[PDB]
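# Overview (structure and organization)
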Amino acid sequence: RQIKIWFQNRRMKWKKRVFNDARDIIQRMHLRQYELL
């Protein structure tokens, strides 16, 4: 279920942001935008 290996490949371009998200939980499960839906 790793469809974010391409659809989520762009932040590694400027390599100066991922480190931000990665600084949460798992640069994913840390979110929850799936809630409310």
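Residues numbered from 1 in each chain as written, not as in the entry; some residues may be left out. Heavy atoms only, no water.

For this entry, the PDB record gives the title as "NMR structure analysis of the Penetratin conjugated Gas (374-394) peptide".

### A word on the overall build of the protein
Under the convention used in this document: Helix and strand labels come from DSSP, where a helix needs a run of H or I of at least four residues and a strand needs a run of E of at least two; each type is numbered from the N terminus. Note on classification: 1.4 Å probe, protein chains only; a residue is buried when its accessible area is under 20% of the maximum for its type, exposed when over 50%, partly exposed between these limits. Surface accessibility in these figures is a Shrake-Rupley result with a 1.4 Å probe; residues are shielded only by whichever protein chains are displayed.
Along the backbone of the protein there are two helices and zero strands. For the protein, the spread of C-alpha atoms along the principal axes amounts to about 30 × 20 × 15 Å. Looking at the protein as a whole, 3% of its 37 residues are labelled buried. A total of about 4300 Å² of accessible surface is found on the protein, and carbon and sulfur atoms cover 54% of it.

### A few points about a positive patch on the surface
Let me state the cut-off plainly: Patches were defined on residues exceeding 30% relative accessible area and lacking a salt bridge, with like-charge contacts within 9 Å and nonpolar side-chain contacts (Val, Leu, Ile, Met, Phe, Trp, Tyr) within 5 Å. Basic side-chain nitrogens of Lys or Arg form a salt bridge, by our definition, when they fall within 4 Å of a carboxyl oxygen of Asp or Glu. Under the convention used here, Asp and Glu are negative, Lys and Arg are positive, and both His and the chain ends fall outside the count. All charge positions are set by atom: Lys at NZ, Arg at CZ, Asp at CG, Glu at CD.
Residues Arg10, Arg11, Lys16 and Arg17 make up a contiguous surface patch of positive charge. Looking at the secondary structure, you find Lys16 in the loop between α1 (11–14) and α2 (18–21). Taking relative accessible area as the criterion, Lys16 reaches 61% and is therefore assigned exposed.

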